[PDB]
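Residue numbers (PDB author numbering), protein chains in the order written: chain B, 18 to 133; chain A, 18 to 133.
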Ligand SMILES: N#Cc1cncc(COc2cc(OCc3cccc(-c4ccccc4F)c3Cl)ccc2CNCCO)c1
């Protein structure tokens, strides 16, 4: 019965505005590193690769480096919160996340940028 | 480091010819159901959803029903072997898998159909 919910399927943020997107998963009070694996993607681009407490920076995509970080503290709560600072038009698209803690599931999130 | 290899990144099969595609993963002598979760996809279409020894048939896509089955015996060997019988042009495309047994990973496989 391990399913993983998103709050909202569509985020609509302006250019330059900092964004953060969420993926709520079940946690049994406390959290285990050896169990937890998290991943983020947008059109086959490595955004986050988090394996039991190991973000490798080389593996991340070149056009995401000083901007796309996952909030570490948020995972204690039971939420993979991916942050982007200084949003671009280029970042607009469909964002996959994948999570494995006990069970496993994934979800897609549409992201559409604006520009005044 | 739990990584999951494909033998070949491109399968080239004729129309009507039966196809089978592979995803080799590590197994530590014996295999555990409660651990293993497997999934198959092609352009956001549910092909297989296998959760600790549970294929649900309703969840599978409508245009895949009497054709796309995963070989159960093959998983003992350490290989998710997805079979399609009676291949169509419609089935040609990019096939995602993905697997969680101990660790987790995913891989894409290009599939290009022929007809002489
Ligand atoms: N360039 C490039 C490129 C090409 N291929 C793959 C990658 C990313 O490779 C990873 C992804 C990853 O997360 C996937 C994940 C997380 C949580 C649950 C599931 C998960 C599993 C099964 C069912 C449901 C699920 F939700 C999955 Cl599949 C973890 C580790 C790796 C390591 N990759 C290197 C070895 O192959 C990058």
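Think of the CB as a built atom: it goes at the ideal place given N, C-alpha and C, for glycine as much as any other residue.
Asked: Residue nearest to residue 33 of chain B in terms of C-alpha spacing, selected from B:100, B:122 and B:22; Found: B:100
Asked: Between the CA atoms of residue 72 of chain A and residue 95 of chain B - distance to the nearest angstrom; Found: 28 Å
Asked: CA-to-CA distance, residue 56 of chain B to residue 82 of chain B, given in whole angstroms; Found: 15 Å
Asked: Limits of the beta strand (DSSP E) - the one that residue 66 of chain B falls within; Found: 63–68
Asked: Close-in-space but distant-in-sequence residues of the same chain around residue 68 of chain B (CB under 7 Å, 5 per side omitted); Found: 54
Asked: Within chain B, partners of residue 120 of chain A - CB distance below 9 Å; Found: 54, 68, 69 and 117
Asked: Residue 79 of chain B versus residue 88 of chain A: straight-line alpha-carbon distance, rounded; Found: 38 Å
Asked: Classification of residue 117 of chain A by the beta-carbon crowding that lies within 10 angstroms, buried from 16 upward; Found: buried
Asked: Beta-carbon separation (whole angstroms), residue 22 of chain B vs residue 46 of chain B, contact threshold 8 Å; Found: Their Cβ separation, rounded to whole angstroms, is 19 Å, which puts residue 22 of chain B and residue 46 of chain B out of contact at 8 Å.
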